[PDB]
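Protein chains in written order, with PDB author numbering: chain A, 27 to 85, 103 to 132, 144 to 299, 308 to 329, 338 to 376, 392 to 438, 445 to 501, 509 to 651, 665 to 701, 712 to 725, 735 to 754, 758 to 825, 831 to 863, 876 to 882; chain F, 27 to 85, 103 to 132, 144 to 299, 308 to 329, 338 to 376, 392 to 438, 445 to 501, 509 to 651, 665 to 701, 712 to 725, 735 to 754, 758 to 825, 831 to 863, 876 to 882. The beta carbon of each residue, even a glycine, is placed where N, CA and C say it ideally should be.
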Ligand SMILES: Nc1ncnc2c1ncn2[C@@H]1O[C@H](COP(=O)(O)OP(=O)(O)OP(=O)(O)O)[C@@H](O)[C@H]1O
Ligand SMILES: Nc1ncnc2c1ncn2[C@@H]1O[C@H](COP(=O)(O)OP(=O)(O)OP(=O)(O)O)[C@@H](O)[C@H]1O
């Protein structure tokens with residue numbers, strides 16, 4: 027059976043290489059698409075069989108039969124479709151010029167940015183979502199009367215993914231001379247020099263480089279534009295934020319969306343609801359208006375209404406792994422606030438992806460390409476939450492549900515569920531669960547709902563029974579009263595995330611699951627006792643709990672909210688690579714050996739400063758004023774968060790030197806008198822005071843962002859005075 | 027056998043994908059055509075075998108043998124014709151300039167539309183049927199003396215499905231300059247700008263954009279035409295109505319058709343009959359005249375007479406499913422008024438295609460492309476009936492009967515009937531039935547005849563016997579005295595539509611057919627008792643009866672003319688998705714729980739307005758005046774039809790406020806005095822009074843269509859006065 031496993035592994039590797047090769051091009055051939063789907067199904071079957079054999083080897104007849112039948116299927120596919128297997132390995147946009155809604159103020163903003171500045175060649179980059187309207191705004195600015203009056207020469211160059219520098223340079227030359235047959239033998243650099251002479255002969259010039267996709271194209275084309283100490287400007291529209299390094311183009315409002323839809327259809339509650347569902351994207355409004363123009367003007371045909394090639398331009402530029410990472414963001418429901426940490430852990434568990448660094452790099456790559464929107468950011472600048480735009484969400488859902496079978500949103511029949519690979523259900527979870535589903539190839543069970551669900555006791559073991567091959571089990575919105583004997587049979591589990599109301603103890607049978615990477619226990623009990631062999635899990639990396647978990651007496668990276676009785680030297684000696692640590696166990700009971718620790722959280735007198743780790747970067751104290762001199766000696770502390778009565782006192786005088794502090798966060802304190810000088814916070818950048831101000835922080839060079847919340851008006855006056863003395879101040 | 031069924035399903039899926047791929051291109055290779063026919067036959071055989079196995083599993104040796112032989116045939120086809128399987132995956147029109155008949159008034163109409171209007175660039179779109187004569191009319195206008203005198207510049211641009219913008223722009227440029235070698239390096243946008251200056255140098259210009267097929271081409275080409283506040287005009291001819299959003311070109315009359323045929327043949339009763347059969351299409355007249363010019367001028371050779394590539398241009402632009410939907414319209418006999426609801430239900434049952448929304452979208456797509464003609468429209472603007480033009484009817488019949496075998500019109511022998519898939523017989527039904535036909539692969543039995551046929555008792559079970567695989571059974575023109583035991587063996591039935599004269603009860607064995615989607619019972623009895631398990635039919639959606647059906651004590668959408676004794680809470684609790692409901696059961700005997718209901722029909735004192743459903747959009751009362762104040766409180770009612778003594782009274786004073794009403798229909802009433810004001814009908818648009831007028835409706839902004847019928851001349855005078863005070879009034 028082992029040699030059969032090796033042969034099946036070789037077949038699966040060749041099929042995976044074929045799938046990776048065919049993903050480089052989109053095929054419209056239906057036979058090729060069907061063959062690709064068949065090959066993907068066989069690949070999934072082979073993966074499941076190999077994982078089953080691996081689990082049995084770690085711990103057989105049915106496994107052998109499955110391996111034989113999958114090998115036979117592979118041979119049949121190779122023999123039958125050999126020829127198909129071998130065969131499977144410029145229009146500038148027309149934008150609106152007459153009825154442009156909402157861009158009247160953004161156009162003036164960009165124009166005033168173009169008409170003002172230094173005397174050098176400056177660039178005004180416009181970045182935005184696919185179909186946001188960057189070309190429309192660039193055209194409105196390009197044909198504006200003020201721009202035409204100020205700029206003697208205006209040139210519109212349409213760059214794209216595919217362009218020829220010689221063709222572009224000869225197109226630019228034709229705007230100045232008609233005898234372009236004299237350049238048939240000059241090189242592209244001589245063409246650029248000729249363009250430089252042409253542009254320098256006149257006055258100021260404005261150049262619109264539309265749809266720049268890489269900095270390489272920008273550098274190659276820029277050699278034709280002189281910098282002759284005149285206020286020459288370049289207007290650049292791009293999807294990627296890297297090419298702009308800007309002006310982030312706005313979204314249309316609800317009223318503007320309705321205005322655009324009404325103008326496009328008619329040169338109504340149903341119409342207003344249709345325009346509201348486009349989320350301020352003019353491309354969606356245009357597409358839906360083109361669809362509505364063909365239907366009759368009847369309220370019943372507009373209630374039935376309640392593109393794809395433009396998005397594919399940026400989706401086809403993603404790598405093979407980044408495409409699967411991007412499509413997995415469509416599993417989260419529409420408008421959902423995706424937690425970045427949860428998304429990263431899910432990506433690592435699904436096998437798409445230190446691994447955390449690569450996953451954060453993938454998320455930042457998706458954000459830079461404007462495929463993912465950021466809303467919440469951490470105080471230190473990291474991303475906290477994100478979401479997909481509704482058109483991007485629809486694209487991801489359609490692609491991953493139809494063409495890739497990455498996941499299926501849920509009722510499917512017994513024949514349909516046998517082909518599903520991942521399940522995402524957030525509505526009518528109990529109704530689907532009561533049907534007793536059974537999927538032998540389902541690898542993930544996702545349930546992202548913000549409403550808590552209590553799982554009936556009679557239905558407790560249905561998911562571990564019907565889906566025994568689960569690798570990801572994210573049911574943190576479902577309360578599990580108890581664990582059945584079938585949960586411990588999920589030997590393939592890598593990501594487990596459950597919520598509970600009465601689970602005060604983790605059984606030792608959890609340690610029988612040696613594939614666990616992330617163990618998230620969201621319980622409302624005050625204390626939790628983890629009896630499972632945490633240290634015997636060789637693949638465990640993160641352990642998140644919201645209670646005071648008590649660990650039993665290398666790859667581990669996070670130990671969130673453990674009890675201080677579990678802060679022994681023996682326990683900390685088993686986790687040399689720990690980076691984030693939290694304690695929520697009556698701090699008064701009590712980490713030096715953790716030389717890689719960066720995040721520390723204590724939730725409820736400070737010891738000498740030499741006891742705390744010297745490499746700590748972020749420290750947060752919750753429910754625990759002159760004691761801050763101990764935290765001042767921390768030479769590497771950069772973020773300090775005080776939440777929920779973290780530091781209580783009346784008078785605080787700044788004495789210690791926070792040589793590395795960048796963010797100071799104080800929440801729910803009784804501080805009355807605070808005296809400080811610029812010397813005590815040399816590197817301060819971020820200051821947040823919520824539900825709580832010496833004028834010495836205006837002398838700080840790095841102080842640029844200050845956040846204020848509800849408090850006495852004297853604090854608001856002090857903040858306003860500090861702002862008067876770019877600074878960002880917000881008071882609420 | 028189950029695994030054999032899965033393997034056959036995989037083979038059928040691959041063959042279906044191949045058939046979908048080859049449908050994208052028309053092949054003239056006879057070997058390829060024969061191979062495609064063979065593959066289609068094998069696909070049909072596999073489908074029948076799989077459905078037989080599914081029925082048997084729901085409820103065997105012969106099924107296994109058939110599956111074996113079909114799989115062997117699939118392997119043989121794959122092995123023998125592998126190379127053939129792998130291989131299977144600009145002329146502007148010349149139109150008549152001398153002898154153009156019938157267009158003398160249409161040309162003047164379009165010219166007066168061109169010569170009059172605003173000072174902006176306006177478009178006069180000419181939409182029409184394939185071969186209607188749009189290009190001929192455009193050429194007649196283009197060369198008209200008045201057009202030539204008024205327009206200094208006239209340009210004829212021939213757009214088509216395949217065009218190059220650079221080539222078109224260089225062709226337009228050549229009309230102004232002969233040195234076109236100076237534009238060899240300018241981009242298409244610079245070419246459009248050059249054309250803009252060329253057109254703006256002179257005066258008014260007329261441009262004829264012939265054969266525009268998509269709005270994208272219109273938008274791409276329009277960038278070359280300036281709008282310089284001169285009365286510049288664009289004449290556009292297209293087949294699709296979407297590109298015009308017009309001028310619907312007329313059809314030639316019978317006399318004009320005969321004139322054209324006589325002019326074309328001779329530079338007769340048989341000639342007049344030939345010209346009459348062209349249905350006013352000049353293309354058909356031209357083709358038949360070219361055919362007749364070769365024959366001798368003998369009355370016997372003209373009585374023997376009693392194109393295709395032009396229609397294929399619009400047929401090849403249809404999707405794969407829309408092609409089958411279009412060809413199915415050719416099943417209905419020539420000149421037949423196809424009921425839209427019946428067509429949609431037939432499309433859903435045949436598997437071509445909520446499903447009703449998609450089917451209505453398909454019908455509207457066919458109509459917009461001018462492939463289907465609309466005659467009868469519902470009072471609210473929906474389509475009621477339609478038909479195919481005789482040339483499209485012939486095209487659909489020929490294509491679906493020869494190249495696709497979609498259906499066969501009927509006598510065929512036992513060998514020929516074994517290959518037929520669908521049967522359409524409307525003439526000599528009894529003669530064909532008496533022959534005892536037997537088709538093992540026939541899936542549909544269509545009989546669309548307007549003359550009623552009584553079915554002999556001895557011939558009752560012949561159709562369920564000879565055609566046991568029936569999925570669609572549309573014999574609503576045939577009266578069935580009783581149901582034989584073979585009818586209940588039609589387990590594959592999805593669409594059953596029969597007419598009867600003495601069937602007063604539906605047997606419980608109908609519920610044994612669980613595949614039924616539409617159940618139409620057209621009986622002449624006053625009352626009907628449905629004993630079949632309607633609620634056990636999980637796939638049933640529509641139930642249309644013309645009698646007072648008595649239902650027995665989710666997918667259901669229509670319950671037409673049920674008895675009010677069947678309007679219980681229990682019955683209405685089983686149909687939460689019902690949208691259309693009718694009752695014809697002595698209304699005096701008696712729906713709130715139906716929160717999705719839109720259509721309500723009561724056929725024979736109103737209860738308080740809070741009892742009726744709040745989401746009702748259309749309500750019709752038949753045989754049931759101050760009580761209309763109850764209907765006025767309906768905030769969402771838009772269509773109100775009163776037919777056959779619906780509202781009887783002498784004096785009616787408008788009190789209630791119809792805030793949402795758009796159509797008011799009153800038929801066969803004794804109303805004498807009617808007083809109303811504009812406030813009581815704020816949104817009224819349509820008013821119909823048949824076989825039955832305050833001047834307060836002229837103040838209604840939305841009142842644009844009023845229909846009148848036979849009545850006293852005082853009503854006609856009132857209607858004429860209202861019209862005097876665009877409004878559409880018709881009095882008969
Ligand atoms: N403010 C607006 N008013 C009217 N139409 C608009 C507006 N913004 C965009 N559109 C229209 O919606 C579509 C958006 O395409 P556009 O070229 O403006 O987007 P883009 O930002 O350049 O996107 P892409 O990255 O795909 O090039 C076009 O058809 C454009 O005419
Ligand atoms: N009124 C007419 N009198 C004489 N011949 C006509 C008339 N109308 C059309 N024809 C002729 O019949 C044929 C119809 O083709 P025509 O180009 O006029 O149609 P069309 O509306 O442009 O169709 P298509 O959509 O296929 O382009 C041509 O041969 C044309 O010369």
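Quick one, which of the options has its alpha-carbon nearest residue i's?
i: residue 759/F; options: 784/F, 748/F, 723/F; result: 784/F
i: residue 750/F; options: 740/F, 768/F, 691/F, 699/F; result: 691/F
i: residue 791/F; options: 777/F, 764/F, 753/F; result: 764/F
i: residue 477/A; options: 458/A, 495/A, 486/A, 485/A; result: 458/A
i: residue 392/F; options: 482/F, 312/F, 316/F, 180/F; result: 482/F
i: residue 719/A; options: 738/A, 693/A, 736/A; result: 693/A
i: residue 739/F; options: 697/F, 768/F, 716/F, 106/F; result: 768/F
i: residue 371/A; options: 858/F, 314/F, 445/F; result: 445/F
i: residue 74/F; options: 599/F, 48/F, 568/F; result: 568/F
i: residue 853/F; options: 819/F, 805/F, 396/F, 342/F; result: 805/F
i: residue 414/A; options: 405/A, 425/A, 404/A; result: 425/A
i: residue 209/A; options: 290/A, 234/A, 605/A; result: 290/A
i: residue 623/F; options: 343/F, 672/F, 513/F, 668/F; result: 672/F
i: residue 66/A; options: 680/A, 264/A, 82/A, 49/A; result: 49/A
i: residue 771/F; options: 114/F, 470/F, 431/F; result: 470/F
i: residue 460/A; options: 407/A, 491/A, 878/A; result: 407/A
i: residue 71/A; options: 479/A, 494/A, 519/A; result: 519/A
Can you tell me the Cα-Cα spacing of residue i and residue j, whole angstroms?
i: residue 555/F; j: residue 596/F; result: 15 Å
i: residue 45/F; j: residue 36/A; result: 34 Å
i: residue 117/A; j: residue 455/A; result: 38 Å
i: residue 812/F; j: residue 746/F; result: 22 Å
i: residue 368/F; j: residue 165/F; result: 43 Å
i: residue 501/A; j: residue 521/A; result: 7 Å
i: residue 253/A; j: residue 246/A; result: 10 Å
What does residue i touch in chain A if you count any residue whose Cβ is under 9 Å from its own?
i: residue 438/F; result: Under the 9 Å cutoff, chain A gives no residues; its nearest Cβ is about 15 Å from residue 438/F.
i: residue 166/F; result: Near residue 166/F there are no residues of chain A at all, since even the closest Cβ is about 22 Å away, more than 9 Å.
So which residues on chain F does residue i lean against when the C-beta distance must stay under 8 Å?
i: residue 251/A; result: Within 8 Å Cβ-Cβ: nothing; residue 251/A doesn't reach chain F, min ~17 Å.
i: residue 363/A; result: 296, 299
Which residues of chain A have a Cβ atom closer than 8 Å to the Cβ of residue i, listed in chain order?
i: residue 44/F; result: 56, 57
i: residue 238/F; result: 234, 235
Open item on the list: Under 8 Å: do the stretch 195-205 of chain A and the stretch 251-267 of chain A share three or more Cβ pairs, one atom per stretch?
Closed with: yes
Open item on the list: With three or more C-beta pairs closer than 8 Å as the rule, is the stretch 112-129 of chain A touching the stretch 244-257 of chain A?
Closed with: no
Open item on the list: With a threshold of 8 Å, are at least 3 pairs of Cβ atoms found where one atom belongs to the stretch 310-324 of chain A and the other to the stretch 270-282 of chain A?
Closed with: no
Open item on the list: Within 8 Å, do at least three Cβ pairs link the stretch 534-543 of chain F to the stretch 397-411 of chain F?
Closed with: no
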